[PDB]
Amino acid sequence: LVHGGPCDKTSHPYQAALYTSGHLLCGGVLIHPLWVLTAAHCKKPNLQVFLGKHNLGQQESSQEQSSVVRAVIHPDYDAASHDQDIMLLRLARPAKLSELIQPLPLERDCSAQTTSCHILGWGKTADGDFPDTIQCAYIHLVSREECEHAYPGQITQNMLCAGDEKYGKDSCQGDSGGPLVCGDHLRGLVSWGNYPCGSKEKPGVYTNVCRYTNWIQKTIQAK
């Protein structure tokens, strides 16, 4: 995450860190004790989910590690255009809830009134390095018209745009699949955006979570 700062230690109990091959791959959101939501482009072998983390460089008493037993990519995900960039991960071990491990409720209304938004993750910072401590930033939703102008013929109804006109606070590589939180609800998932990272004119593009209520519920309730 570029141009942000360290999160408050107790503000992100729903944040997951996804690992493969021993290093940080993506963010993710705990939405149910057995399920983490992330971006479909985070699908890699032997995913390891870490909950209750703040600093990746230290062993924390609140952390919980779980293997993934099932990875459910949206049937209409299109890697080329990033359309429908969403994936459900079923945990081997149900999350042992604590003050630092809690699910985040989903935004079910696509016409939700504007609320204060934020992003977070262990993605690349402004200096080009990967931080041990999770970064946070306030950002605002950008109108669909403004975003269509920023990325012509690239924005679908399955995408939301969000950014920061003042410093260009933005999500980046490694923040993928992390949450766009609006009014204490999951509004979006980190999907794609500008290269290099920065949202002054070309806002970050987020998977529009409100569009996936039925698919999420059907997947979680399946079998």
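Numbering starts at 1 and follows the sequence shown.
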property	result
Residue stretch of maximal mean CA temperature factor, 97-105 vs 128-136	128-136
Higher-scoring stretch by recorded Cα B factor average, 162-170 or 48-56	162-170
Residue, from 199, 15, 20, 208, that the PDB entry assigns the highest Cα B-factor	199
Residue of maximum C-alpha B factor among 62, 38, 157, 65, per deposited coordinates	157
Residue 83, C-alpha B-factor rank within chain (lowest, middle or highest third)	middle
Residue 183 CA temperature factor, ranked by third within the chain	highest
Residue 72 - Cα temperature factor, lowest/middle/highest third of chain	lowest
CA B-factor ranking of residue 123, expressed as a third of its chain	middle
Ranked C-alpha temperature factor of residue 89 among modelled chain residues, by third	lowest
